[PDB]
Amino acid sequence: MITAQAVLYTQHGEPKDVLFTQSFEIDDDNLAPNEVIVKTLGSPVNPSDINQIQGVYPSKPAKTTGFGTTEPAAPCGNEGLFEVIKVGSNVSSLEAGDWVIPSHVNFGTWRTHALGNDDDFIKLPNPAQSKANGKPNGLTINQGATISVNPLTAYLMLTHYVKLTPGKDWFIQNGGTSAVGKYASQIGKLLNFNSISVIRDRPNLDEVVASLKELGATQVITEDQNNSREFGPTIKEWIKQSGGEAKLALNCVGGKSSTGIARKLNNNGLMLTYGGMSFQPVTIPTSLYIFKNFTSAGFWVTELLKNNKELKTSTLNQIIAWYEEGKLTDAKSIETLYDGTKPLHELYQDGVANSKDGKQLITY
């Protein structure tokens, strides 16, 4: 008989307002033949998780009484890393000790345990298994807990929409310091795509520029350079010299930033909007559409991979392989350990409030 904790809400709103923690019990002695019990190792706070609770994200778990509430309640969090604790009599694809992520969104990963069927999960190698398998590296908890959204998002935006000629063509991305952006820089490096990362200026600009170039940005500019008519020819020359074109823009900021990166594409450019961190709309001069044949589209990993297990699997497999080979590193998280002294929902509330500090991971 396991006592678990889950972060719930019964009504949408700001996480600081509507979240609470619900204790509930899992009976490890009553597993159906295809059922599995998992224990959470870590799960991040993503913007989508927050948007989901706020009610402005049209993919969400049902509100149910399943965690022992009287009011229907929804769990929180869409990705995370779990460890298999026990499996039913008919489960052969998972065993105790295995690492898994949810196979689908809306599973609720802001909680200590879960009961599910074996097909609710996708197996990741644990570090012991990686090492036994002759890999130079095993996954860290943060790498496994964050493998399913941001790395896939970067990979798919860079490969699924426009073919960049290796060693020649460019993508331009804003939110250069974001977790997605750091994955995008690395994957650009691994696939030999040139890239410009746009970041907000900061006192240690030089340090951050150096870090992003190491990850794999070709050039790094500030949003002020992004805004600059004067600086524009600098960017054109970079591209001219490469013999390639700027064919793809990645936008998770909106507002002026989206305008700026759109302007820097060659004619017949494509922008994918995948976030709006500024809360400002995507703003594009009429002339880009008419005269430069700019196209502005969206990207939603959840929808793309909704009914494409094949694409999810091969992408996820590539990310796993890169980690095991040491070719990819994670967007690092600020980690907060749950030990039962402070209610679980307060840790996540803190993670939401502190997300400005950088990606937050709640660990167990």
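Residue numbers here begin at 1 and follow the sequence given.
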{"property": "85-93 or 137-145, whichever carries the higher mean Cα B-factor", "result": "85-93"}
{"property": "Average Cα temperature factor in the PDB entry - higher stretch of 253-261, 233-241", "result": "233-241"}
{"property": "Peak C-alpha temperature factor (PDB record), options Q318, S48, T295, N34", "result": "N34"}
{"property": "Highest-ranked of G80, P166, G188, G269 once sorted by CA temperature factor in the record", "result": "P166"}
{"property": "Where the record places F121 (Cα B-factor, split into thirds across the chain)", "result": "middle"}
{"property": "Where the record places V56 (Cα B-factor, split into thirds across the chain)", "result": "highest"}
{"property": "For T329, the third of its chain into which the C-alpha B factor falls", "result": "highest"}
{"property": "Third of the chain's Cα B-factor distribution that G66 belongs to, per the entry", "result": "middle"}
{"property": "Chain-relative CA temperature factor third for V282", "result": "lowest"}
